[PDB]
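Undergrad: One file is attached below, start01.pdb, containing PDB, C-alpha atoms (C1' of nucleotides) and all ligand atoms.
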```pdb
MODEL        1
ATOM      1  CA  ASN A 170       0.000   0.000   0.000
ATOM      2  CA  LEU A 171       0.500   3.663  -0.475
ATOM      3  CA  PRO A 172       1.210   6.018   2.458
ATOM      4  CA  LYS A 173      -1.978   7.487   3.931
ATOM      5  CA  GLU A 174      -0.317  10.950   3.850
ATOM      6  CA  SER A 175       0.723  10.995   0.176
ATOM      7  CA  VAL A 176      -2.759  10.044  -1.031
ATOM      8  CA  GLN A 177      -4.347  13.003   0.699
ATOM      9  CA  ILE A 178      -1.921  15.230  -1.221
ATOM     10  CA  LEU A 179      -2.834  13.517  -4.481
ATOM     11  CA  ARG A 180      -6.498  13.655  -3.521
ATOM     12  CA  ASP A 181      -6.093  17.383  -2.840
ATOM     13  CA  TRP A 182      -4.315  18.303  -6.063
ATOM     14  CA  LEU A 183      -6.900  16.213  -7.880
ATOM     15  CA  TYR A 184      -9.873  18.011  -6.298
ATOM     16  CA  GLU A 185      -8.219  21.391  -6.833
ATOM     17  CA  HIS A 186      -7.932  20.390 -10.511
ATOM     18  CA  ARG A 187     -10.977  18.164 -10.961
ATOM     19  CA  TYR A 188     -11.963  19.549 -14.434
ATOM     20  CA  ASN A 189      -8.322  19.417 -15.753
ATOM     21  CA  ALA A 190      -6.977  16.354 -13.949
ATOM     22  CA  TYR A 191      -3.706  16.318 -15.971
ATOM     23  CA  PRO A 192      -0.547  17.379 -14.126
ATOM     24  CA  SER A 193       2.128  18.683 -16.417
ATOM     25  CA  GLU A 194       5.275  16.665 -16.880
ATOM     26  CA  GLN A 195       6.820  18.904 -14.227
ATOM     27  CA  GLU A 196       3.843  18.842 -11.810
ATOM     28  CA  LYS A 197       4.187  15.081 -11.821
ATOM     29  CA  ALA A 198       7.746  15.726 -10.613
ATOM     30  CA  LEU A 199       6.466  18.345  -8.130
ATOM     31  CA  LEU A 200       3.902  15.976  -6.704
ATOM     32  CA  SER A 201       6.419  13.136  -6.846
ATOM     33  CA  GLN A 202       8.737  15.407  -4.895
ATOM     34  CA  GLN A 203       5.822  16.491  -2.669
ATOM     35  CA  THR A 204       4.575  12.892  -2.032
ATOM     36  CA  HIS A 205       7.873  10.962  -2.000
ATOM     37  CA  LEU A 206       6.431   8.544  -4.547
ATOM     38  CA  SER A 207       8.065   7.756  -7.850
ATOM     39  CA  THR A 208       6.765   9.462 -10.962
ATOM     40  CA  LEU A 209       5.700   5.944 -11.970
ATOM     41  CA  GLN A 210       3.512   5.677  -8.880
ATOM     42  CA  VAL A 211       2.097   9.192  -9.447
ATOM     43  CA  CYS A 212       1.465   8.636 -13.162
ATOM     44  CA  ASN A 213      -0.245   5.455 -12.037
ATOM     45  CA  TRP A 214      -2.251   6.979  -9.186
ATOM     46  CA  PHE A 215      -3.604   9.496 -11.640
ATOM     47  CA  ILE A 216      -4.401   6.801 -14.185
ATOM     48  CA  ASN A 217      -6.217   4.967 -11.355
ATOM     49  CA  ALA A 218      -7.638   8.039  -9.621
ATOM     50  CA  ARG A 219      -9.207   9.523 -12.772
ATOM     51  CA  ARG A 220     -11.262   6.317 -12.952
ATOM     52  CA  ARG A 221     -11.961   5.605  -9.282
ATOM     53  CA  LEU A 222     -11.864   8.809  -7.169
ATOM     54  CA  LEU A 223     -12.601  11.572  -9.684
ATOM     55  CA  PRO A 224     -16.229  10.727 -10.625
ATOM     56  CA  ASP A 225     -17.338  10.969  -6.971
ATOM     57  CA  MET A 226     -15.632  14.370  -6.922
ATOM     58  CA  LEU A 227     -17.152  15.612 -10.168
ATOM     59  CA  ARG A 228     -20.463  14.275  -8.697
ATOM     60  CA  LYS A 229     -21.222  17.558  -6.966
TER
ATOM     61  CA  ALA B 167      12.634 -48.341 -19.186
ATOM     62  CA  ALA B 168      13.684 -44.794 -18.243
ATOM     63  CA  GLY B 169      11.947 -43.419 -15.157
ATOM     64  CA  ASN B 170       9.394 -40.610 -15.152
ATOM     65  CA  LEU B 171      10.594 -37.067 -15.794
ATOM     66  CA  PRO B 172      11.400 -34.373 -13.177
ATOM     67  CA  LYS B 173       8.170 -32.818 -11.903
ATOM     68  CA  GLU B 174       9.643 -29.313 -12.183
ATOM     69  CA  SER B 175      10.744 -29.845 -15.784
ATOM     70  CA  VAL B 176       7.369 -31.231 -16.899
ATOM     71  CA  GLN B 177       5.690 -28.246 -15.261
ATOM     72  CA  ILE B 178       8.144 -26.024 -17.153
ATOM     73  CA  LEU B 179       7.216 -27.749 -20.434
ATOM     74  CA  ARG B 180       3.520 -28.026 -19.527
ATOM     75  CA  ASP B 181       3.494 -24.271 -18.946
ATOM     76  CA  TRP B 182       5.406 -23.460 -22.169
ATOM     77  CA  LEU B 183       2.866 -25.665 -23.901
ATOM     78  CA  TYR B 184       0.038 -23.681 -22.282
ATOM     79  CA  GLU B 185       1.808 -20.379 -23.015
ATOM     80  CA  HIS B 186       1.969 -21.409 -26.726
ATOM     81  CA  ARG B 187      -1.058 -23.689 -26.917
ATOM     82  CA  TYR B 188      -2.179 -22.160 -30.241
ATOM     83  CA  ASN B 189       1.197 -23.113 -31.810
ATOM     84  CA  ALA B 190       2.937 -25.898 -29.877
ATOM     85  CA  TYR B 191       5.999 -25.924 -32.154
ATOM     86  CA  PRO B 192       9.131 -24.738 -30.357
ATOM     87  CA  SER B 193      11.874 -23.556 -32.686
ATOM     88  CA  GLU B 194      15.434 -24.872 -32.579
ATOM     89  CA  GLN B 195      16.313 -22.148 -30.004
ATOM     90  CA  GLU B 196      13.082 -22.460 -28.017
ATOM     91  CA  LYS B 197      13.834 -26.186 -27.933
ATOM     92  CA  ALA B 198      17.325 -25.133 -26.858
ATOM     93  CA  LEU B 199      16.055 -22.685 -24.224
ATOM     94  CA  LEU B 200      13.833 -25.418 -22.822
ATOM     95  CA  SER B 201      16.686 -27.967 -22.702
ATOM     96  CA  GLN B 202      18.819 -25.779 -20.481
ATOM     97  CA  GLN B 203      15.824 -24.874 -18.341
ATOM     98  CA  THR B 204      14.934 -28.561 -17.987
ATOM     99  CA  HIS B 205      18.423 -30.099 -18.060
ATOM    100  CA  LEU B 206      16.982 -32.383 -20.726
ATOM    101  CA  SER B 207      18.294 -33.401 -24.122
ATOM    102  CA  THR B 208      16.671 -32.047 -27.267
ATOM    103  CA  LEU B 209      15.658 -35.646 -28.058
ATOM    104  CA  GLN B 210      13.720 -35.629 -24.778
ATOM    105  CA  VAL B 211      12.258 -32.206 -25.684
ATOM    106  CA  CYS B 212      11.529 -33.080 -29.355
ATOM    107  CA  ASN B 213       9.831 -36.203 -28.027
ATOM    108  CA  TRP B 214       8.064 -34.722 -24.985
ATOM    109  CA  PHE B 215       6.523 -32.269 -27.448
ATOM    110  CA  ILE B 216       5.707 -35.045 -29.965
ATOM    111  CA  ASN B 217       3.958 -36.819 -27.075
ATOM    112  CA  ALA B 218       2.242 -33.917 -25.309
ATOM    113  CA  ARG B 219       0.848 -32.524 -28.566
ATOM    114  CA  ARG B 220      -1.165 -35.786 -29.035
ATOM    115  CA  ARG B 221      -1.854 -36.514 -25.319
ATOM    116  CA  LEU B 222      -2.004 -33.168 -23.384
ATOM    117  CA  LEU B 223      -2.602 -30.300 -25.872
ATOM    118  CA  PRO B 224      -6.170 -31.389 -26.873
ATOM    119  CA  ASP B 225      -7.334 -31.158 -23.251
ATOM    120  CA  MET B 226      -5.857 -27.634 -23.344
ATOM    121  CA  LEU B 227      -7.305 -26.279 -26.615
ATOM    122  CA  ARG B 228     -10.667 -27.452 -25.257
ATOM    123  CA  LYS B 229     -10.291 -24.737 -22.545
TER
ATOM    124  CA  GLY C 169      17.901   7.943 -34.975
ATOM    125  CA  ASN C 170      16.352   4.689 -36.215
ATOM    126  CA  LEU C 171      16.889   1.134 -34.996
ATOM    127  CA  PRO C 172      19.567  -1.120 -36.519
ATOM    128  CA  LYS C 173      18.086  -2.884 -39.535
ATOM    129  CA  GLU C 174      19.551  -6.134 -38.195
ATOM    130  CA  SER C 175      17.784  -5.454 -34.902
ATOM    131  CA  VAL C 176      14.608  -4.792 -36.851
ATOM    132  CA  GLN C 177      15.251  -7.951 -38.856
ATOM    133  CA  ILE C 178      15.476  -9.966 -35.620
ATOM    134  CA  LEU C 179      12.221  -8.405 -34.358
ATOM    135  CA  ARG C 180      10.425  -8.533 -37.718
ATOM    136  CA  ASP C 181      11.343 -12.187 -38.067
ATOM    137  CA  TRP C 182      10.109 -13.162 -34.593
ATOM    138  CA  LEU C 183       6.804 -11.429 -35.352
ATOM    139  CA  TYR C 184       6.214 -13.424 -38.519
ATOM    140  CA  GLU C 185       7.386 -16.694 -36.880
ATOM    141  CA  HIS C 186       4.750 -16.258 -34.100
ATOM    142  CA  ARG C 187       1.672 -14.910 -35.857
ATOM    143  CA  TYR C 188      -0.962 -16.690 -33.796
ATOM    144  CA  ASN C 189      -0.179 -15.352 -30.387
ATOM    145  CA  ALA C 190       2.151 -12.549 -31.523
ATOM    146  CA  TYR C 191       2.764 -11.644 -27.882
ATOM    147  CA  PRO C 192       6.293 -12.433 -26.634
ATOM    148  CA  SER C 193       6.655 -13.359 -22.960
ATOM    149  CA  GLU C 194       8.888 -11.399 -20.554
ATOM    150  CA  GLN C 195      11.593 -13.971 -21.126
ATOM    151  CA  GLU C 196      11.073 -13.747 -24.899
ATOM    152  CA  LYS C 197      10.922  -9.924 -24.643
ATOM    153  CA  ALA C 198      14.221 -10.028 -22.740
ATOM    154  CA  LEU C 199      15.782 -12.337 -25.343
ATOM    155  CA  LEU C 200      14.911  -9.901 -28.154
ATOM    156  CA  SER C 201      16.326  -7.013 -26.071
ATOM    157  CA  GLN C 202      19.550  -9.038 -25.938
ATOM    158  CA  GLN C 203      19.454 -10.298 -29.564
ATOM    159  CA  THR C 204      18.928  -6.743 -30.896
ATOM    160  CA  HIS C 205      21.058  -4.715 -28.423
ATOM    161  CA  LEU C 206      17.862  -2.833 -27.506
ATOM    162  CA  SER C 207      16.328  -1.929 -24.161
ATOM    163  CA  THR C 208      13.332  -4.012 -23.099
ATOM    164  CA  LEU C 209      11.242  -0.845 -23.658
ATOM    165  CA  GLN C 210      12.120  -0.211 -27.306
ATOM    166  CA  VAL C 211      10.874  -3.698 -28.209
ATOM    167  CA  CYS C 212       7.628  -3.512 -26.186
ATOM    168  CA  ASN C 213       6.912  -0.427 -28.289
ATOM    169  CA  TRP C 214       8.038  -1.853 -31.599
ATOM    170  CA  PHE C 215       5.633  -4.752 -31.166
ATOM    171  CA  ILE C 216       2.739  -2.600 -29.984
ATOM    172  CA  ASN C 217       3.092  -0.730 -33.309
ATOM    173  CA  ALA C 218       3.956  -3.736 -35.456
ATOM    174  CA  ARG C 219       0.886  -5.570 -34.214
ATOM    175  CA  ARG C 220      -1.097  -2.665 -35.649
ATOM    176  CA  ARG C 221       0.889  -2.160 -38.860
ATOM    177  CA  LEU C 222       2.655  -5.374 -39.922
ATOM    178  CA  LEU C 223       0.414  -8.216 -38.714
ATOM    179  CA  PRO C 224      -2.637  -7.294 -40.879
ATOM    180  CA  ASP C 225      -0.382  -7.360 -43.948
ATOM    181  CA  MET C 226       1.354 -10.524 -42.662
ATOM    182  CA  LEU C 227      -1.769 -12.601 -42.036
ATOM    183  CA  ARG C 228      -2.710 -12.247 -45.712
ATOM    184  CA  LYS C 229      -1.491 -15.827 -46.301
TER
ATOM    185  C1'  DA D   1     -15.503  -4.061  -3.972
ATOM    186  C1'  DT D   2     -10.763  -1.957  -3.220
ATOM    187  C1'  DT D   3      -6.106  -0.732  -4.488
ATOM    188  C1'  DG D   4      -1.720  -0.390  -6.596
ATOM    189  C1'  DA D   5       0.383  -1.855 -10.562
ATOM    190  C1'  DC D   6       1.319  -3.137 -15.278
ATOM    191  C1'  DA D   7       0.469  -4.867 -20.219
ATOM    192  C1'  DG D   8      -1.376  -3.753 -24.428
ATOM    193  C1'  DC D   9      -4.285  -0.078 -27.234
ATOM    194  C1'  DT D  10      -5.679   4.240 -28.996
ATOM    195  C1'  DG D  11      -4.587   8.414 -30.709
ATOM    196  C1'  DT D  12      -1.201  11.150 -31.916
ATOM    197  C1'  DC D  13       3.209  13.435 -33.146
ATOM    198  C1'  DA D  14       7.609  14.399 -35.294
ATOM    199  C1'  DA D  15      10.595  12.374 -38.350
ATOM    200  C1'  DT D  16      11.881   9.740 -42.039
TER
ATOM    201  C1'  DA E   1       3.947   6.466 -47.347
ATOM    202  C1'  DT E   2       6.596   4.901 -42.946
ATOM    203  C1'  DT E   3       9.064   5.053 -38.133
ATOM    204  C1'  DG E   4       9.706   5.226 -33.183
ATOM    205  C1'  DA E   5       7.933   7.101 -29.292
ATOM    206  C1'  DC E   6       4.789   8.466 -25.632
ATOM    207  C1'  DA E   7       0.745  10.142 -22.845
ATOM    208  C1'  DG E   8      -3.184   8.396 -21.170
ATOM    209  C1'  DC E   9      -6.897   4.567 -21.619
ATOM    210  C1'  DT E  10      -8.690   0.063 -21.036
ATOM    211  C1'  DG E  11      -8.626  -4.440 -19.043
ATOM    212  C1'  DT E  12      -7.356  -6.811 -15.611
ATOM    213  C1'  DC E  13      -4.665  -8.741 -11.726
ATOM    214  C1'  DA E  14      -3.646 -10.136  -6.894
ATOM    215  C1'  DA E  15      -4.837  -8.898  -2.719
ATOM    216  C1'  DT E  16      -8.249  -7.055  -0.080
TER
HETATM  217 CL    CL F   1     -10.229  15.694  -0.680
ENDMDL
END
```
Is it possible to give me this structure as structure tokens?

TA:
Amino acid sequence: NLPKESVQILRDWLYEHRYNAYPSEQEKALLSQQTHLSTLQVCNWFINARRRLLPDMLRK
Amino acid sequence: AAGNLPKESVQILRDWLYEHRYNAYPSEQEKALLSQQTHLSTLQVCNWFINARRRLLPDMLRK
Amino acid sequence: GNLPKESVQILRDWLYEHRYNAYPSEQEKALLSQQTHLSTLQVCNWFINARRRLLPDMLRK
DNA sequence: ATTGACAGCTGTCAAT
DNA sequence: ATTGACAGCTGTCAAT
């Protein structure tokens, strides 16, 4: 599993950008740096999160 | 009267067979790669394939 | 910068030789990385494309 | 159903 | 007219 603390960061960036859920190449580094997860894990989390967490957020 | 084959080698072959069940024809080098993995001669591998194709592959292509 | 034609010949040949199930395993993918002096990535890609572009024309037999 | 990961595809681009 | 790459998607997996 992923750290509980990193996911809330990713969750937060995602909500803050729910209608443009696409971090630039560099933001992926910034969030990777901010979450201490590899850019592979962050690219992945976004691939996963856009499917699984985002709809419930856009459902507002 | 040679004894039955190593269980790990037959599983290795059985899996390769499954992994290529829609074309159970290992090339010279695939036959080679399986020899070294099984510590078995290419006669054993040529044959084990000759056998399994008649005796084990049908049960596989049936799903 | 394009891939060595001999590397492409090794890949192109494998593709034709395995038309039904044209999906090399990790061990096969590694062996083509080694046989072509290519990273395991470059081949993954090459096949992803070749499956689109070369298999339709190759199955016409 | 949940979660993190990865393989193979689509669409696409820049280059050949 | 074709080539190699890549971002992001889909399907799914193993574990939950
Ligand atoms: Cl939130």

Undergrad: Please list as a PyMOL selection string every residue within 10 Å of residue 4 of chain E, counting only C-alpha atoms (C1' of nucleotides) and excluding residues in the same chain fewer than 6 positions away.

TA: (chain C and resi 169-171+210+213-214+217) or (chain D and resi 14-15)

Undergrad: Around ligand CL 1 (chain F), which protein and nucleic acid residues have at least one atom no more than 9 Å from it, if we count only C-alpha atoms (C1' of nucleotides) and all ligand atoms? List them as number ranges by chain.

TA: A: 177-185, 226

Undergrad: Please expand the PyMOL selection byres (((chain E and resi 9) around 10) and not hetatm) into the concrete residues it hits in this file, giving the result as a PyMOL selection string.

TA: (chain A and resi 216+220) or (chain D and resi 9-10) or (chain E and resi 7-8+10-11)

Undergrad: Taking 4 positions as the minimum chain separation for residues in the same chain, which residues sit within 12 Å of residue 210 of chain A when counting all atoms listed in the file? Answer as a VMD selection string.

TA: (chain A and resid 170 to 172 175 to 176 179 197 to 198 200 to 202 204 to 206 214 to 218) or (chain D and resid 4 to 6)

Undergrad: Take the PyMOL selection byres (((chain C and resi 178-183) around 12) and not hetatm), apply it to the structure above, and return the hits as a VMD selection string.

TA: (chain B and resid 193 195 to 196) or (chain C and resid 171 to 177 184 to 192 196 to 206 210 to 227)

Undergrad: Write a file of the selected residues as a PDB file, in the coordinates of the input, keeping C-alpha atoms.

TA:
```
ATOM      1  CA  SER B 193      11.874 -23.556 -32.686  1.00  0.00           C
ATOM      2  CA  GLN B 195      16.313 -22.148 -30.004  1.00  0.00           C
ATOM      3  CA  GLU B 196      13.082 -22.460 -28.017  1.00  0.00           C
TER       4      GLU B 196
ATOM      5  CA  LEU C 171      16.889   1.134 -34.996  1.00  0.00           C
ATOM      6  CA  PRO C 172      19.567  -1.120 -36.519  1.00  0.00           C
ATOM      7  CA  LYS C 173      18.086  -2.884 -39.535  1.00  0.00           C
ATOM      8  CA  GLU C 174      19.551  -6.134 -38.195  1.00  0.00           C
ATOM      9  CA  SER C 175      17.784  -5.454 -34.902  1.00  0.00           C
ATOM     10  CA  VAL C 176      14.608  -4.792 -36.851  1.00  0.00           C
ATOM     11  CA  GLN C 177      15.251  -7.951 -38.856  1.00  0.00           C
ATOM     12  CA  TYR C 184       6.214 -13.424 -38.519  1.00  0.00           C
ATOM     13  CA  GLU C 185       7.386 -16.694 -36.880  1.00  0.00           C
ATOM     14  CA  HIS C 186       4.750 -16.258 -34.100  1.00  0.00           C
ATOM     15  CA  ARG C 187       1.672 -14.910 -35.857  1.00  0.00           C
ATOM     16  CA  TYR C 188      -0.962 -16.690 -33.796  1.00  0.00           C
ATOM     17  CA  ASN C 189      -0.179 -15.352 -30.387  1.00  0.00           C
ATOM     18  CA  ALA C 190       2.151 -12.549 -31.523  1.00  0.00           C
ATOM     19  CA  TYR C 191       2.764 -11.644 -27.882  1.00  0.00           C
ATOM     20  CA  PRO C 192       6.293 -12.433 -26.634  1.00  0.00           C
ATOM     21  CA  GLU C 196      11.073 -13.747 -24.899  1.00  0.00           C
ATOM     22  CA  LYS C 197      10.922  -9.924 -24.643  1.00  0.00           C
ATOM     23  CA  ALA C 198      14.221 -10.028 -22.740  1.00  0.00           C
ATOM     24  CA  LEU C 199      15.782 -12.337 -25.343  1.00  0.00           C
ATOM     25  CA  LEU C 200      14.911  -9.901 -28.154  1.00  0.00           C
ATOM     26  CA  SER C 201      16.326  -7.013 -26.071  1.00  0.00           C
ATOM     27  CA  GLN C 202      19.550  -9.038 -25.938  1.00  0.00           C
ATOM     28  CA  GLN C 203      19.454 -10.298 -29.564  1.00  0.00           C
ATOM     29  CA  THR C 204      18.928  -6.743 -30.896  1.00  0.00           C
ATOM     30  CA  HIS C 205      21.058  -4.715 -28.423  1.00  0.00           C
ATOM     31  CA  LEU C 206      17.862  -2.833 -27.506  1.00  0.00           C
ATOM     32  CA  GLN C 210      12.120  -0.211 -27.306  1.00  0.00           C
ATOM     33  CA  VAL C 211      10.874  -3.698 -28.209  1.00  0.00           C
ATOM     34  CA  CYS C 212       7.628  -3.512 -26.186  1.00  0.00           C
ATOM     35  CA  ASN C 213       6.912  -0.427 -28.289  1.00  0.00           C
ATOM     36  CA  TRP C 214       8.038  -1.853 -31.599  1.00  0.00           C
ATOM     37  CA  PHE C 215       5.633  -4.752 -31.166  1.00  0.00           C
ATOM     38  CA  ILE C 216       2.739  -2.600 -29.984  1.00  0.00           C
ATOM     39  CA  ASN C 217       3.092  -0.730 -33.309  1.00  0.00           C
ATOM     40  CA  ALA C 218       3.956  -3.736 -35.456  1.00  0.00           C
ATOM     41  CA  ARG C 219       0.886  -5.570 -34.214  1.00  0.00           C
ATOM     42  CA  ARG C 220      -1.097  -2.665 -35.649  1.00  0.00           C
ATOM     43  CA  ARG C 221       0.889  -2.160 -38.860  1.00  0.00           C
ATOM     44  CA  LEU C 222       2.655  -5.374 -39.922  1.00  0.00           C
ATOM     45  CA  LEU C 223       0.414  -8.216 -38.714  1.00  0.00           C
ATOM     46  CA  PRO C 224      -2.637  -7.294 -40.879  1.00  0.00           C
ATOM     47  CA  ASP C 225      -0.382  -7.360 -43.948  1.00  0.00           C
ATOM     48  CA  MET C 226       1.354 -10.524 -42.662  1.00  0.00           C
ATOM     49  CA  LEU C 227      -1.769 -12.601 -42.036  1.00  0.00           C
TER      50      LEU C 227
END
```

Undergrad: For the PyMOL selection byres (((chain B and resi 171) around 12) and not hetatm), applied here, can you spell out every residue it catches as a PyMOL selection string?

TA: chain B and resi 167-170+172-179+204-207+210-211+214

Undergrad: Taking all atoms of chain E that the file lists, what box with edges along x, y and z, padded by 6 Å per side, do you get, with centre and edge lengths in Å to one decimal, as AutoDock Vina command-line options?

TA:
```
--center_x 0.5 --center_y 0.0 --center_z -23.7 --size_x 30.4 --size_y 32.3 --size_z 59.3
```

Undergrad: Could you tell me how far atom CA of residue 216 of chain B lies from atom CA of residue 229 of chain C, in Å and to one decimal?

TA: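 Answer for the atom CA of residue 216 of chain B to atom CA of residue 229 of chain C separation: 26.2 Å.
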
Undergrad: Work out how far apart atom CA of residue 222 of chain B and atom CA of residue 186 of chain B are and give it in Å to one decimal.

TA: 12.9 Å

Undergrad: One number please: atom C1' of residue 1 of chain D to atom CA of residue 224 of chain A, in Å, one decimal.

TA: 16.2 Å

Undergrad: With distances taken over all atoms listed in the file, which of A:213, A:222, A:190, A:229 is nearest to chain D?

TA: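 So, comparing all the options, the nearest one is A:213.
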
Undergrad: Will you give me segment 185-201 of chain B, written with N, CA and C atoms and laid out as a PDB file, in the first residue's frame?

TA:
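Saved to selection_1.pdb:
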```pdb
ATOM      1  N   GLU B 185       1.468 -21.713 -22.526  1.00  0.00           N
ATOM      2  CA  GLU B 185       1.808 -20.379 -23.015  1.00  0.00           C
ATOM      3  C   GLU B 185       1.792 -20.291 -24.551  1.00  0.00           C
ATOM      4  N   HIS B 186       2.007 -21.410 -25.263  1.00  0.00           N
ATOM      5  CA  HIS B 186       1.969 -21.409 -26.726  1.00  0.00           C
ATOM      6  C   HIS B 186       0.979 -22.444 -27.221  1.00  0.00           C
ATOM      7  N   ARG B 187      -0.190 -22.560 -26.580  1.00  0.00           N
ATOM      8  CA  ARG B 187      -1.058 -23.689 -26.917  1.00  0.00           C
ATOM      9  C   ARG B 187      -1.618 -23.566 -28.331  1.00  0.00           C
ATOM     10  N   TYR B 188      -1.751 -22.341 -28.853  1.00  0.00           N
ATOM     11  CA  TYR B 188      -2.179 -22.160 -30.241  1.00  0.00           C
ATOM     12  C   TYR B 188      -1.021 -22.123 -31.227  1.00  0.00           C
ATOM     13  N   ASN B 189      -0.013 -22.966 -31.005  1.00  0.00           N
ATOM     14  CA  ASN B 189       1.197 -23.113 -31.810  1.00  0.00           C
ATOM     15  C   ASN B 189       2.249 -23.807 -30.972  1.00  0.00           C
ATOM     16  N   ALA B 190       2.033 -25.094 -30.698  1.00  0.00           N
ATOM     17  CA  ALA B 190       2.937 -25.898 -29.877  1.00  0.00           C
ATOM     18  C   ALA B 190       4.092 -26.452 -30.706  1.00  0.00           C
ATOM     19  N   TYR B 191       4.850 -25.547 -31.329  1.00  0.00           N
ATOM     20  CA  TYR B 191       5.999 -25.924 -32.154  1.00  0.00           C
ATOM     21  C   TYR B 191       7.188 -25.071 -31.767  1.00  0.00           C
ATOM     22  N   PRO B 192       7.931 -25.486 -30.744  1.00  0.00           N
ATOM     23  CA  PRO B 192       9.131 -24.738 -30.357  1.00  0.00           C
ATOM     24  C   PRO B 192      10.206 -24.847 -31.427  1.00  0.00           C
ATOM     25  N   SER B 193      10.778 -23.700 -31.753  1.00  0.00           N
ATOM     26  CA  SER B 193      11.874 -23.556 -32.686  1.00  0.00           C
ATOM     27  C   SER B 193      13.111 -24.285 -32.175  1.00  0.00           C
ATOM     28  N   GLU B 194      14.160 -24.293 -33.005  1.00  0.00           N
ATOM     29  CA  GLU B 194      15.434 -24.872 -32.579  1.00  0.00           C
ATOM     30  C   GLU B 194      15.923 -24.242 -31.275  1.00  0.00           C
ATOM     31  N   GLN B 195      15.854 -22.900 -31.177  1.00  0.00           N
ATOM     32  CA  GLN B 195      16.313 -22.148 -30.004  1.00  0.00           C
ATOM     33  C   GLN B 195      15.341 -22.226 -28.829  1.00  0.00           C
ATOM     34  N   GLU B 196      14.030 -22.196 -29.092  1.00  0.00           N
ATOM     35  CA  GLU B 196      13.082 -22.460 -28.017  1.00  0.00           C
ATOM     36  C   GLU B 196      13.274 -23.873 -27.479  1.00  0.00           C
ATOM     37  N   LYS B 197      13.453 -24.853 -28.380  1.00  0.00           N
ATOM     38  CA  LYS B 197      13.834 -26.186 -27.933  1.00  0.00           C
ATOM     39  C   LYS B 197      15.126 -26.125 -27.135  1.00  0.00           C
ATOM     40  N   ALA B 198      16.080 -25.314 -27.595  1.00  0.00           N
ATOM     41  CA  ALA B 198      17.325 -25.133 -26.858  1.00  0.00           C
ATOM     42  C   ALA B 198      17.084 -24.482 -25.499  1.00  0.00           C
ATOM     43  N   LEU B 199      16.301 -23.398 -25.473  1.00  0.00           N
ATOM     44  CA  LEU B 199      16.055 -22.685 -24.224  1.00  0.00           C
ATOM     45  C   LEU B 199      15.356 -23.581 -23.220  1.00  0.00           C
ATOM     46  N   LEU B 200      14.520 -24.495 -23.708  1.00  0.00           N
ATOM     47  CA  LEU B 200      13.833 -25.418 -22.822  1.00  0.00           C
ATOM     48  C   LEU B 200      14.742 -26.539 -22.334  1.00  0.00           C
ATOM     49  N   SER B 201      15.716 -26.970 -23.149  1.00  0.00           N
ATOM     50  CA  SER B 201      16.686 -27.967 -22.702  1.00  0.00           C
ATOM     51  C   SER B 201      17.420 -27.498 -21.469  1.00  0.00           C
TER      52      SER B 201
END
```
